[PDB]
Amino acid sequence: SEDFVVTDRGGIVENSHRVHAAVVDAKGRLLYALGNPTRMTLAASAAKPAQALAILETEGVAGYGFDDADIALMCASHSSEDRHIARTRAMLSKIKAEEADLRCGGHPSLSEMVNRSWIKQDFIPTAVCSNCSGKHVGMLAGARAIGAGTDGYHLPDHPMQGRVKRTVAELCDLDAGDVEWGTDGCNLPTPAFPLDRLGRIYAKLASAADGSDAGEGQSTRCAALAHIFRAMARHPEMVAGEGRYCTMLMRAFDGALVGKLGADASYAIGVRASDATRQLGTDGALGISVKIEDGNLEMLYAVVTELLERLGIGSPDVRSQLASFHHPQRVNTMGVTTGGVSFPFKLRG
């Protein structure tokens, strides 16, 4: 419960970061942990698969013809690359809406290279550039589909947000009062719930993919979760973008898991049943959720990759694709190596 990632300069402690993590089976049962695995935690973008489920379950959304890449964008914190903006526009045309209907705002790109090119051309980002633009088009779609009208689709009193709030609690297996709600950077309601339940959501996504693959009679909701998993794993460049952790992670694993960033350094992974998960002592899929207490994103990616290695998820060759995140470079302005990152935590079973 005193679990840290620690950075050093020449062996001298620089910063230390408290780690919380939960590893759960398909029913949410805790298998491993770091820190406080039930920490009440703001899920932010890590909750988007649950918001995508509310959208996909809305009567009439099926008629718009969203494809797997559209759903991946719904699930995205994308880098605002030109292909992300283009897909946002295509999805707006599917529901006969326009950029002015979006109630999210522009922000500097989550990708440094994209942001640099915007600065170079004095580009001012707008609503269609939001990292959450696919989720917002999906919410516009649901509001239009049930004839609720698009103005106010983002407000808590709107039936689309009523559907979101109910769906999040159901996937977490919590009562409505056990989920807290604030306002997100994209101006939508955003939930907070115990960290282990974020893992439970992703364990259910991977379990639904396994059940779909195995030809099981799934409920419609399990079918839709299977679809969300498949969409994310098939189009991981839409979920984030070039150079991004989530994209590189999901590409490396080639369908064996999905992974998603949450704001202020949280992360969730849904792992399909495998030799690794069976070795970990469960007979189904697995869920992983992580939170760095102070919010440092660089440390998040380092810790998640170390956790994948300790859990034996993937092969050493597969995870070596993430080496630049696992041990972030610590070189000074003259090319001299001056420091490092250590993982003194111990996963408890």
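When you see a residue number, it is the position in the sequence shown, counting from 1.
For the pair 206-214 and 189-197, the record assigns the higher mean C-alpha temperature factor to 206-214. Looking at mean Cα B-factors across 331-339 and 13-21, the upper value is held by 331-339. Note on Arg89, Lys135, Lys120, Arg244: the highest value goes to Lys120, judged by CA B factor as recorded. For the set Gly287, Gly65, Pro37, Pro49, the PDB entry assigns the largest Cα B-factor to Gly65. Among all modelled residues in its chain, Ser77 ranks in the middle third by Cα B-factor. For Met248, the recorded CA temperature factor ranks within the lowest third of the chain's modelled residues. Per the PDB record, residue ranking by Cα B-factor puts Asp275 in the highest third of the chain. Sort the modelled residues of the chain by CA B factor and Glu237 lands in the middle third. Sort the chain's modelled residues by C-alpha temperature factor and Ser315 lands in the highest third, per the entry.
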